[PDB]
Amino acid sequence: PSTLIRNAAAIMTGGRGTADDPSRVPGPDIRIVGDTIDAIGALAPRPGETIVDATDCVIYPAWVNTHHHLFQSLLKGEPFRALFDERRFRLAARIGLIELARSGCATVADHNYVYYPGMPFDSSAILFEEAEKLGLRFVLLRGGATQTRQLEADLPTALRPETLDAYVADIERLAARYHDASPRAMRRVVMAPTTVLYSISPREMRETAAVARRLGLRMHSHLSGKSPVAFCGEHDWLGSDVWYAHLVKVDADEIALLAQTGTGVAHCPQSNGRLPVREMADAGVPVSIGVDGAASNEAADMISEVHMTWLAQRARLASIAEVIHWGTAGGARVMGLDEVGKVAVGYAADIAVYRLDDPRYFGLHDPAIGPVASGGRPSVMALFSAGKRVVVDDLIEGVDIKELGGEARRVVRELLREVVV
């Protein structure tokens, strides 16, 4: 159980780029023993060891997606939810998970909120099952609401809120069943009421925070008396413990509070368009990257996202390393997976090896920059998750692309037919 990635053209560390924490390590080979990075730079092969020739290839740490809505992978077009079932939910998750894996992402976090009294299937179960079939680390962001006042009788089974205790109960169940607290867990669970300032009562967000903290879990939510951030603070919803998605429009005072509390953000540019950053980053608040639900982001893969992130940061005249950090080690520390997100000895072996065999890369003075700046989608000759090869030249064990294609095309038709009713 040893492997040697040899002769890499470039190696980005996902580091903050300082002298203490370098963003690029000019070194050439990488040894992996088990699930850990054993060494970096000038290594001689070993007898019977596995060898992967990364000649002309660029190495990056696998991506860490900190926000998503996988069911939406079958709702790509526009904004249905009540029509999801066993088969379907499973398909949407597989699809989005697959396209995420071939974009070099090894750690996915889904803000799942399909839950309702009497649901015939276990969403959470399905999500962890699929993630693992692919060999990916999964982070469950158990979402939901206790209110809605769209009323009720004019709301079907699927869209009805869950009583506060039902929610809490479920999380304890999930916390005990799947959550591993190591900083390199392959499974995680977090307290994530959809839009905390709406999905739940403010008295409920306090108690809801207490349970999460009591179970040693992190908190996450969509952040749409006084200021929103200031309100969250007053209801036990800030701290390096918590991180928010979709937080566009933020006061200077609000940024400071995020900076002092250590509350992170899940930056989603492509999605946020259908609706800042380097101020929060400068303020010191942790920044991570996510792509949420194909319903708001048709290009739900970490490469398209990272590309948009970089371009938008160039708009305000923001390096590639800067962004690679956000998409890797930055997201890891936001979700508490501290031994993940860095191509450094001692860390978990989650590595992406890209082959720039596409003409868009032909002519790059710094070929290392390609995966983020060239657009398109580099060829994953190799993806490693916990030291295991999940991808071999864009191929994943268990996936038949044409097959998966036909399935989705069929379900979408069914879906489209059914909404008419």
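One rule holds for the numbers: they count along the sequence shown, beginning at 1.
> What does the record say about the segment between residue 195 and residue 196: how many deposited residues are without coordinates (none, 1 to 3, 4 to 9, 10 or more)?
Missing residues, residue 195 to residue 196: none.
> I'd like to know the size of any gap between residue 275 and residue 276, counted in deposited residues with no coordinates: none, 1 to 3, 4 to 9, or 10 or more.
In the deposited sequence, 4 to 9 residues between these two have no coordinates.
> Per the entry, where is the mean C-alpha temperature factor higher: 239-247 or 151-159?
Comparing 239-247 with 151-159, the higher mean C-alpha B-factor belongs to 151-159.
> Determine, for stretches 249-257 and 181-189, which one has the higher mean CA B-factor as deposited.
So the stretch with the higher mean C-alpha B-factor is 249-257.
> Among 267, 307, 220, 314, which carries the highest Cα B-factor?
Top of the list by C-alpha B-factor: 314.
> Highest CA temperature factor in the entry: which of 167, 347, 71, 326?
Max CA B-factor in the entry, restricted to 167, 347, 71, 326: 167.
> Of the three thirds of its chain by CA temperature factor, lowest, middle or highest, which one includes residue 234?
Ranked within chain, residue 234 CA B lands in the middle tercile.
> Select lowest, middle or highest to describe the third in which the CA B-factor of residue 213 falls within its chain in this entry.
Ranked within chain, residue 213 CA B lands in the lowest tercile.
> Is the Cα B-factor recorded for residue 355 in the lowest, middle or highest third of its chain?
As the PDB entry reports it, the C-alpha B-factor of residue 355 lands in the middle third of its chain.
> C-alpha B factor of residue 140, ranked within the chain: lowest, middle or highest third?
Answer is lowest: the recorded C-alpha B-factor places it there.
> When the deposited Cα B-factors of this chain's modelled residues are ordered and cut into thirds, is residue 84 in the lowest, the middle or the highest one?
Ranked within chain, residue 84 CA B lands in the highest tercile.
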